[PDB]
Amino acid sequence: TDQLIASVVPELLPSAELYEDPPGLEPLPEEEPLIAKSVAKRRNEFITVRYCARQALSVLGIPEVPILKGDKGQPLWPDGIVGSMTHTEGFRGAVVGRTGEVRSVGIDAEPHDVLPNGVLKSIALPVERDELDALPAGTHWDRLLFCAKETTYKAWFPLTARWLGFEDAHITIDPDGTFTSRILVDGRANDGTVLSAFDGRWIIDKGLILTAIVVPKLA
C-alpha cells in the first residue's frame, strides 16, 4: 500500500521490501559462500534482501532460485530477468522485471540524513553543489544526490560492463519526485546503443530516501 519501491517503479516491475530482518532466515546453500565470514549486518542484509527478491520473482512466475553476484558485484538473475537490490539500516528491497519489457533497472535506499562528513565534496560536481543549495528547505538534497548517483551506476553497469564515477554523471533533482542523470563519458552500450541520459524517480518516507531508474526498451 505504502511501499517505497512500488511508488517509484512501473506496475510491471514487481517489488518487495522489509524494514527489519525477520528472525530465522537463511540463504540458499549456493548463496552461503558469498557471506561466509561476514559480520551480522552484512549477513542479515544479504539474506533478507534475497528473501524480498525471491518474493518479487515469484510474482513473475519464477520459483525459488539463488541470486549470486557477477563480475563486479552485480546480481545475477534468471534468463529473461533484470533487477536491482538495496539495503541500508532500516531497509531491504528488491525490484525485478522481464527483459522483454525493460532494458535495466536500478534502485538505492539511504537514510534521510545529512551525508557523512566529507562525502558531498567527493561525489558532487561543482555545478551540482550550487544546484543543491538552491532547492527548497526540508530535504537532505546531498544524501538524495548520492543515492541517485548510486542508482545511476546500478542501472548503467549491466548495460556497459564499465565503471562510472561520481564525477561522470550530472544529476539534476526536481522537487516533484523526478531526477535526470546526464552521462559525461562514452556511453556506448553492450546492445549497440548509446546511453546519454537516464530518467529517475525519488520518494522520501519512513525516514528513508529511495531512488529508482528504469531504462526502457527502444523502438
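Numbers follow the displayed sequence, beginning with 1. Only the largest set of C-alpha atoms that superpose within 1.5 Å between the two forms is called the rigid core.
J.: Do you reckon 68 to 76 or 110 to 118 strays further from the shown form in 8 other deposited structures of this protein, measuring C-alpha RMS after a core fit?
T.: The answer is 68 to 76, which departs more from the shown form in 8 other deposited structures of this protein.
J.: Report the stretch with the higher mean CA temperature factor, choosing between 24 to 32 and 54 to 62 on the basis of the entry.
T.: Averaged over C-alpha atoms, the B-factors run higher in 24 to 32.
J.: Going by the average Cα B-factor in the PDB entry, point out whether 152 to 160 or 37 to 45 comes out higher.
T.: Comparing averages over the C-alpha atoms only gives 37 to 45.
J.: Among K72, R98, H140, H87, single out the one with the highest C-alpha B factor in the record, please.
T.: Going by the entry's C-alpha B-factors, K72 comes out highest.
J.: Comparing against every modelled residue in the chain, figure out the third that the C-alpha B-factor of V119 lands in (lowest, middle or highest).
T.: Ranked within chain, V119 CA B lands in the highest tercile.
J.: Looking at the C-alpha B-factor of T180, is it in the lowest, middle or highest third of its chain?
T.: Answer is middle: the recorded C-alpha B-factor places it there.
J.: Going by the entry, which third of its chain does the Cα temperature factor of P126 land in?
T.: For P126, the deposited C-alpha B-factor lands in the highest third.
J.: Considering only modelled residues of the same chain, in which third does the CA B-factor of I204 rank: lowest, middle or highest?
T.: For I204, the deposited C-alpha B-factor lands in the middle third.
J.: By its CA B factor, does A134 count among the lowest, middle or highest third of the modelled residues in the chain?
T.: Highest third.
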